[PDB]
Novice: 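Okay, handing you the structure first.
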2 protein chains.
Amino acid sequence: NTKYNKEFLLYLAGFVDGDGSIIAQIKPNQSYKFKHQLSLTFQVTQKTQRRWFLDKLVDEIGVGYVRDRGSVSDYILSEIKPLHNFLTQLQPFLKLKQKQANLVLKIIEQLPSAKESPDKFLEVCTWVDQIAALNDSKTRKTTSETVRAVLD
Amino acid sequence: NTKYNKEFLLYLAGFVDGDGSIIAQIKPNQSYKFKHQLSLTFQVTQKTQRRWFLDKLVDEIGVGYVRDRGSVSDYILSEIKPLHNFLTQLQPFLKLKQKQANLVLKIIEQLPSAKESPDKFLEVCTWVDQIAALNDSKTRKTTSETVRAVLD
DNA sequence: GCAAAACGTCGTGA
DNA sequence: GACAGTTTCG
DNA sequence: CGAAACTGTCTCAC
DNA sequence: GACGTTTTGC
Ligand SMILES: [Mg+2]
Ligand SMILES: [Mg+2]
Ligand SMILES: [Mg+2]
């Protein structure tokens, strides 16, 4: 369970508030109990010309990877366990995305609980709604209300 | 000169590397001896709904101001003396724009001597070419080559 | 059934 | 993000 | 003459 | 920046 240096976390929190994204999604997928997956992702986006910065994050954070999408690349961290450890430590230094960070930690803690009840799942879905509302969301489709398709 | 907190600088350096900009420009203006102004700017851009963050920077940095340009706003610091003091303390924590910062400090220190030798003005306009080369410059029009119109 | 990965771009917020 | 044009004022 | 603010916008990199 | 839609394999 990796412990991060405060100076690294302070700088990174600023970079994240700038070009990072703390995302929560509800993905329809019929292979799941409630027909949807609760997806969480921490990412940092940067011009591919500066991929080096992202590859560095992979080494420095110790988990995650960099995906390439042409002119732009992204450091991605989705693994729930390392995500919770990392956001717990980064959270206190965030100024713009502190609330979404805490909502993500909140969701992660209730996942085992949500995968047990339709109401618990729907409740967690309302928290992903809150994260989206805090972000500069512009193409969101699946919401907690969409999951209300469980009414069947 | 004001001394800034280390943790403040750590966080800000990260935010600056993400959404800030360290700019150097040669502005055509006939009222100047060499027909051009050497302009230096430190700025942080953010969606206007988050202008509070920029306003807070004015208070924390203690100098500068915030301007509005529609759905986006910017914290600007151009006062040469406070700019030098600020960048001097920020520079050691920058990762993507550390070079740009150091070139600005260099330009600032050579401004008085650049106000004389027309060839010293061109050498400084060189430092400016370097900064623009390091940034994601896409609409630059006035360069040192332009200033080379000092030939009479 | 589910934890992550892998791939696709839209609408800006830089 | 990263400049470029216009105006103000000691 | 010039530092510094007021004002406007290309092309994305987020 | 912040999604969406589909595919992987214990
Ligand atoms: Mg940003
Ligand atoms: Mg950036
Ligand atoms: Mg940005």
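These numbers come from the heavy atoms of this one structure, side chains and all, not from hydrogens, waters or symmetry mates. Order of the sequence lines sets the chain letters (A, B, ...), proteins ahead of strands, with each chain counted from 1.
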Novice: Does a donor on one side chain sit under 3.5 Å from an acceptor on the other, for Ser117(B) and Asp119(B)?
Specialist: no

Novice: Using 30° and 60° as the class limits, which term best fits the ring planes of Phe53(A) and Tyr11(A): parallel, tilted or perpendicular?
Specialist: tilted

Novice: Relative to the 5' end of DNA chain E, which residue comes earlier, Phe15(A) or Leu111(B), by the nucleotide with the nearest heavy atom?
Specialist: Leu111(B)

Novice: Using a 3.5 Å limit on both distances, find every run of at least three consecutive Watson-Crick or G-U pairs that involves DNA chain E.
Specialist: C:11-14 with E:11-14, D:3-10 with E:1-8

Novice: I want to verify a distance call: between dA13(E), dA2(F), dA2(D), whose nearest atom is closest to the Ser21(B) side chain?
Specialist: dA2(D)

Novice: Using atom CZ of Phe121(A) as one end and atom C1' of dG1(C) as the other, report the distance to the nearest whole Å.
Specialist: 12 Å

Novice: What's the separation between atom CD in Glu109(B) and atom CH2 in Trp127(B), rounded to the nearest 0.5 Å?
Specialist: 12.0 Å

Novice: How close or far is atom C1' of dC3(D) from atom CD1 of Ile107(B), stated in whole angstroms?
Specialist: 14 Å

Novice: What is the distance, to the nearest angstrom, from the NZ atom on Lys27(A) to the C1' atom on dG1(C)?
Specialist: 16 Å

Novice: Apply side chain to side chain contact (heavy atoms under 4.5 Å, CB included) to residues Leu40(A) and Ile23(A) and explain how you reach the verdict.
Specialist: CA-CA 6 Å; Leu40(A) 296 311; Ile23(A) 315 172; over 6 Å; no

Novice: Measure CD1/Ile23(B) against P/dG5(D) and give the value in whole Å, please.
Specialist: 14 Å

Novice: Within the 4.0 Å heavy-atom criterion, would you say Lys97(A) contacts the bases, only the backbone, or no part of the nucleic acid?
Specialist: sugar-phosphate

Novice: Can you say whether a donor on the side chain of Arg69(B) sits under 3.5 Å from an acceptor on the base of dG13(C), or the other way round?
Specialist: no

Novice: Round to a whole Å and report the spacing from CG of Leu77(B) to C1' of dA5(E).
Specialist: 12 Å

Novice: Looking across every strand, which nucleic acid part, if any, lies under 4.0 Å from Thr142(B) by heavy atom: base, sugar-phosphate, or nothing?
Specialist: sugar-phosphate

Novice: May I ask you to say what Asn29(A) touches in the nucleic acid, namely base, sugar-phosphate or nothing, with a heavy-atom cut-off under 4.0 Å?
Specialist: base

Novice: Determine the Euclidean distance between corresponding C1' atoms of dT9(E) and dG1(D); express it in Å to zero decimal places.
Specialist: 12 Å

Novice: Would you kindly compare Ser78(B) and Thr139(B) by the position of their nearest DNA chain E nucleotide and give the one closer to the 5′ end?
Specialist: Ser78(B)

Novice: Using whole Å, what does the distance between atom P of nucleotide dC3(F) and atom CD of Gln100(A) come to?
Specialist: 10 Å

Novice: Rounded to whole Å, how long is the line connecting atom CD of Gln43(B) with atom P of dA4(E)?
Specialist: 17 Å

Novice: Hey, is the side chain of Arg67(B) pairing donor to acceptor with the base of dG8(E) inside 3.5 Å?
Specialist: yes

Novice: At under 4.0 Å, does any side-chain N or O of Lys47(B) touch on OP1 or OP2 of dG13(C)?
Specialist: yes

Novice: From C-beta outward on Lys138(A), which listed nucleotide comes closest to its side chain: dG13(C), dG4(F), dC3(D)?
Specialist: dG13(C)

Novice: Would one find a side-chain N or O of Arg50(A) under 4.0 angstrom from OP1 or OP2 of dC14(E)?
Specialist: yes

Novice: Does any donor-acceptor pair link the side chain of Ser31(A) with the base of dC2(C) at a separation under 3.5 Å?
Specialist: yes

Novice: Among side-chain atoms of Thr143(B) and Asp129(B), is any donor-acceptor pair under 3.5 angstrom?
Specialist: yes

Novice: Only one of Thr45(B), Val44(B), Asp68(B) forms a side chain to side chain contact (heavy atoms under 4.5 Å, CB included) with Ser73(B), so which one is it?
Specialist: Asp68(B)

Novice: On the 0 to 90° scale, with breaks at 30° and 60°, tag the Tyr75(B)-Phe42(B) ring pair as parallel, tilted or perpendicular.
Specialist: perpendicular

Novice: Side chains of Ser137(A) and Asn135(A): donor-acceptor distance under 3.5 Å anywhere?
Specialist: no

Novice: Please state whether the phosphate of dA2(D), meaning OP1 or OP2, lies under 4.0 angstrom from any side-chain nitrogen or oxygen of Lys141(B).
Specialist: no

Novice: Taking only side-chain N and O atoms of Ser137(B), does any of them lie within less than 4.0 angstrom of OP1 or OP2 on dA2(D)?
Specialist: no

Novice: NA contact type, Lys33(B), heavy-atom cut-off 4.0 Å: base, sugar-phosphate, or nothing?
Specialist: sugar-phosphate

Novice: Nearest whole Å is fine: how far is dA13(E) P from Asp68(A) CG?
Specialist: 14 Å

Novice: Does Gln25(B) put a side-chain nitrogen or oxygen below 4.0 Å from OP1 or OP2 of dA4(D)?
Specialist: yes

Novice: Indicate, with a heavy-atom threshold strictly under 4.0 Å, whether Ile80(A) touches base, sugar-phosphate, or nothing.
Specialist: sugar-phosphate

Novice: Regarding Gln89(B) and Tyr4(B), is there a side-chain donor-to-acceptor distance under 3.5 Å anywhere?
Specialist: no

Novice: Below 4.0 angstrom from OP1 or OP2 of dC14(E), is there any side-chain N or O of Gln46(A)?
Specialist: yes

Novice: Should the side chain of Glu79(A) and the base of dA3(C) be counted as holding a donor-acceptor pair, with the cut-off at 3.5 Å?
Specialist: no

Novice: Return the stacking result for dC1(E) and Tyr32(B): yes when the ring centres lie under 5.5 Å apart and the planes under 30°, no otherwise.
Specialist: no

